[PDB]
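Before any comments, here is the structure.
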Amino acid sequence: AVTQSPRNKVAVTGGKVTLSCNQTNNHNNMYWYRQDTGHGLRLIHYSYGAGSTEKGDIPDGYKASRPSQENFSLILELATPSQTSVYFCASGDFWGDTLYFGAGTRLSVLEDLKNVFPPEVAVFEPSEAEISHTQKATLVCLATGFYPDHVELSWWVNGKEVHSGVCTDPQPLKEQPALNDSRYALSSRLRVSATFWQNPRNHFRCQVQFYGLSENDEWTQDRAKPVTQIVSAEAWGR
Amino acid sequence: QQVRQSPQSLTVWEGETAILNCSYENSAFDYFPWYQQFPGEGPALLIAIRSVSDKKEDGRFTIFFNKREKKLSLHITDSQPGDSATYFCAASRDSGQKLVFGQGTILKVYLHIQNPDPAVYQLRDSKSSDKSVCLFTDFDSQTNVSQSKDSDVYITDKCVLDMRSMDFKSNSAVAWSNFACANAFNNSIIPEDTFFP
């Protein structure tokens with residue numbers, strides 16, 4: 001298997017950033033790709049074995065290290081906003097027909113860091129009309145005012161996570177599409193039977209997992225720290 | 001760039017054959033893999049052909065290779081909703097080891113709505129009833145929910161959900177502001193038989 005670390009990271013400009021990738025497959029070749037819209041996957045550095053690395057198609061800005069057979073590290077010694085991307089590690093055997101990728105690393109190289117915000121979450125109750133017409137109940141969750149877009153949204157009915165009757169937006173939208181400095185917004189829909197919502201015993205909560213600052217990052221602002229956190233909103237059946 | 005793909009995005013109805021295109025420039029590529037990437041995951045090898053062959057079939061998935069025209073094609077038969085992903089054409093000179101990728105093609109497979117029942121409901125906040133949201137739902141996948149013609153008003157893209165306890169799928173799109181839901185989805189087309197309670 002191929003594991004990357006971290007999976008999410010926020011960095012200031014000029015800061016040093018190391019992305020490590022460890023592989024179980026006992027493969028000799030290891031790779032570091034990045035993914036951007038309209039570019040697909042682009043090779044940064046790779047390695048034919050321990051102690052040796054090679055420059056890829058876009059090596060500028062990055063440095064790599066293969067200290068072990070298992071490990072391949074991508075090093076950003078001087079982070080720049082241009083290096084904001086999703087990084088994928090991969091391993092392959094000699095002349096192997098496949099490449100085995102990791103789940104990916106969401107990296108946001110900011111400058112100011114004062115634009116980082118956790119989302120505000122609100123759950124909106126099913127309309128009587130919908131319950132009276134289609135005999136079903138749609139709950140709508142709404143996470144707003146957050147930056148970066150590093151989040152995971154889920155629904156929890158009676159302490160248990162659900163997937164059936166759920167759809168979330170494919171991607172967060174920009175609240176102020178002009179600015180790239182803009183924060184985002186995300187919506188989700190939970191759909192259940194009218195009888196289920198009518199049950200006062202059942203409670204539903206929309207949960208967003210915000211990925212932000214670590215605690216050992218310097219915070220000089222008045223507001224609460226925008227660390228990695230869970231923000232929830234819940235509704236009870238009526 | 002080295003490996004070109006087309007189109008950037010492709011939409012297909014379920015059961016239809018989807019065709020993805022790819023073309024390269026270097027004549028020394030000895031192996032052409034196609035990688036599939038689902039949202040939130042990494043890319044995984046779907047199907048692959050090497051330069052000596054002209055085609056390869058693998059259950060609904062088929063690669064056509066033209067060595068002369070430097071052209072590649074991926075054929076997906078009776079496309080299914082679960083086939084909605086990003087598809088990358090890739091090239092290699094090391095039998096699949098050092099891949100140059102294309103820009104990737106985004107594939108969307110539309111669901112056939114059994115019994116469309118387009119309606120725009122409005123939902124009050126659980127904590128503060130002074131806030132609300134508009135919900136477009138139960139419409140057929142054929143319609144397009146275009147974004148707002150202004151700021152201050154936001155409109156999410158459509159999405160399908162599946163109540164698995166029953167046997168039921170439904171489309172849905174959300175709008176919010178600060179307005180009224182009657183004029184919320186004006187910028188898009190709505191079936192004249194849309195229900196406004």
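The chains in the structure tokens are called A, B, ... from first to last as shown; in each chain the residues are counted from 1, and the ligands are counted from 1 in the order shown.
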
*Polymer residues at most 8 Å from residue A:226, only C-alpha atoms, same-chain spacing of 6 or more positions, as a ChimeraX atom specification*: /A:116-118,212-213

*Can you tell me, as a list in words, what residues are no more than 7 Å from residue A:93 when counting only C-alpha atoms, ignoring any on the same chain fewer than 2 positions away?*
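After dropping sequence-adjacent residues, the list is residues 27, 28, 29, 95 and 96 of chain A.
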
*Do a neighbour search on stretch 149-157 of chain A at 7 Å with only C-alpha atoms, toss out local chain neighbours closer than 4 positions, and write the hits as a ChimeraX atom specification.*
/A:161-162,172,184,203-211

Could you take the residues named above and write them with N, CA and C atoms, as an mmCIF file, in the first residue's frame?
```
data_model
loop_
_atom_site.group_PDB
_atom_site.id
_atom_site.type_symbol
_atom_site.label_atom_id
_atom_site.label_comp_id
_atom_site.auth_asym_id
_atom_site.auth_seq_id
_atom_site.Cartn_x
_atom_site.Cartn_y
_atom_site.Cartn_z
ATOM 1 N N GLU A 161 -23.288 7.002 10.993
ATOM 2 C CA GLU A 161 -23.052 7.669 9.716
ATOM 3 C C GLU A 161 -23.846 6.991 8.607
ATOM 4 N N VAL A 162 -24.514 7.792 7.782
ATOM 5 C CA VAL A 162 -25.331 7.254 6.701
ATOM 6 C C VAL A 162 -24.798 7.684 5.338
ATOM 7 N N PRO A 172 -17.006 22.675 -3.595
ATOM 8 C CA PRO A 172 -17.426 23.952 -3.005
ATOM 9 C C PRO A 172 -17.449 25.100 -4.011
ATOM 10 N N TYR A 184 -15.300 29.887 0.602
ATOM 11 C CA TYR A 184 -16.188 29.003 -0.145
ATOM 12 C C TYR A 184 -17.508 28.692 0.559
ATOM 13 N N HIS A 203 -32.728 11.993 15.505
ATOM 14 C CA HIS A 203 -32.044 13.264 15.272
ATOM 15 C C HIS A 203 -31.012 13.132 14.158
ATOM 16 N N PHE A 204 -30.838 14.210 13.403
ATOM 17 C CA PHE A 204 -29.951 14.213 12.254
ATOM 18 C C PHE A 204 -28.957 15.350 12.411
ATOM 19 N N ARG A 205 -27.680 15.077 12.166
ATOM 20 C CA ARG A 205 -26.691 16.146 12.187
ATOM 21 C C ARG A 205 -25.781 16.118 10.971
ATOM 22 N N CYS A 206 -25.611 17.284 10.358
ATOM 23 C CA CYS A 206 -24.633 17.453 9.301
ATOM 24 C C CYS A 206 -23.291 17.813 9.914
ATOM 25 N N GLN A 207 -22.272 17.038 9.566
ATOM 26 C CA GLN A 207 -20.934 17.252 10.094
ATOM 27 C C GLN A 207 -19.929 17.561 8.993
ATOM 28 N N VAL A 208 -19.219 18.676 9.130
ATOM 29 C CA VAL A 208 -18.116 18.972 8.224
ATOM 30 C C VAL A 208 -16.783 18.882 8.970
ATOM 31 N N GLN A 209 -15.821 18.207 8.356
ATOM 32 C CA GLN A 209 -14.497 18.089 8.940
ATOM 33 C C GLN A 209 -13.595 19.110 8.278
ATOM 34 N N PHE A 210 -13.375 20.223 8.965
ATOM 35 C CA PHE A 210 -12.530 21.276 8.429
ATOM 36 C C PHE A 210 -11.064 20.987 8.701
ATOM 37 N N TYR A 211 -10.246 21.109 7.663
ATOM 38 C CA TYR A 211 -8.807 20.938 7.796
ATOM 39 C C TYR A 211 -8.117 22.288 7.688
#
```

*Within 10 Å of residue B:127, counting only C-alpha atoms, which residues qualify if same-chain residues fewer than 5 places away don't, as a list in words?*
residues 122, 123, 124, 125, 233, 234 and 235 of chain A

Can I get the selection written as a PDB file, in the first residue's frame, with N, CA, C and O atoms?
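Writing done, so here's selection_18.pdb:
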```
ATOM      1  N   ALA A 122     -25.189  25.044   9.165  1.00  0.00           N
ATOM      2  CA  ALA A 122     -26.606  25.134   9.497  1.00  0.00           C
ATOM      3  C   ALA A 122     -27.403  24.050   8.780  1.00  0.00           C
ATOM      4  O   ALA A 122     -27.233  23.830   7.580  1.00  0.00           O
ATOM      5  N   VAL A 123     -28.268  23.368   9.524  1.00  0.00           N
ATOM      6  CA  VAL A 123     -29.131  22.349   8.943  1.00  0.00           C
ATOM      7  C   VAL A 123     -30.549  22.887   8.816  1.00  0.00           C
ATOM      8  O   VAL A 123     -31.096  23.450   9.766  1.00  0.00           O
ATOM      9  N   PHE A 124     -31.136  22.721   7.634  1.00  0.00           N
ATOM     10  CA  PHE A 124     -32.452  23.276   7.355  1.00  0.00           C
ATOM     11  C   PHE A 124     -33.509  22.184   7.240  1.00  0.00           C
ATOM     12  O   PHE A 124     -33.351  21.224   6.485  1.00  0.00           O
ATOM     13  N   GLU A 125     -34.586  22.359   8.003  1.00  0.00           N
ATOM     14  CA  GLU A 125     -35.621  21.344   8.173  1.00  0.00           C
ATOM     15  C   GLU A 125     -36.530  21.179   6.958  1.00  0.00           C
ATOM     16  O   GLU A 125     -36.863  22.156   6.293  1.00  0.00           O
ATOM     17  N   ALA A 233     -24.090  20.741  12.929  1.00  0.00           N
ATOM     18  CA  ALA A 233     -25.401  21.347  13.097  1.00  0.00           C
ATOM     19  C   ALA A 233     -26.415  20.217  13.071  1.00  0.00           C
ATOM     20  O   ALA A 233     -26.303  19.309  12.256  1.00  0.00           O
ATOM     21  N   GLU A 234     -27.387  20.250  13.974  1.00  0.00           N
ATOM     22  CA  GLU A 234     -28.308  19.128  14.088  1.00  0.00           C
ATOM     23  C   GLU A 234     -29.767  19.555  14.090  1.00  0.00           C
ATOM     24  O   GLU A 234     -30.095  20.694  14.419  1.00  0.00           O
ATOM     25  N   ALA A 235     -30.633  18.622  13.709  1.00  0.00           N
ATOM     26  CA  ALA A 235     -32.068  18.852  13.701  1.00  0.00           C
ATOM     27  C   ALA A 235     -32.791  17.641  14.275  1.00  0.00           C
ATOM     28  O   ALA A 235     -32.406  16.498  14.021  1.00  0.00           O
TER      29      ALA A 235
END
```

*Which neighbours of residue B:170 fall inside 9 Å, counting only C-alpha atoms, when residues of the same chain fewer than 3 positions from it are skipped, and could you give them as number ranges by chain?*
A: 165; B: 113, 116, 137-141, 159-163

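Selected on chain A by distance to chain B: residues 38, 39, 40, 41, 95, 96, 97, 98, 101, 102, 103, 124, 125, 126, 127, 164, 165, 166, 167 and 235 of chain A (within 6 Å, counting only C-alpha atoms).
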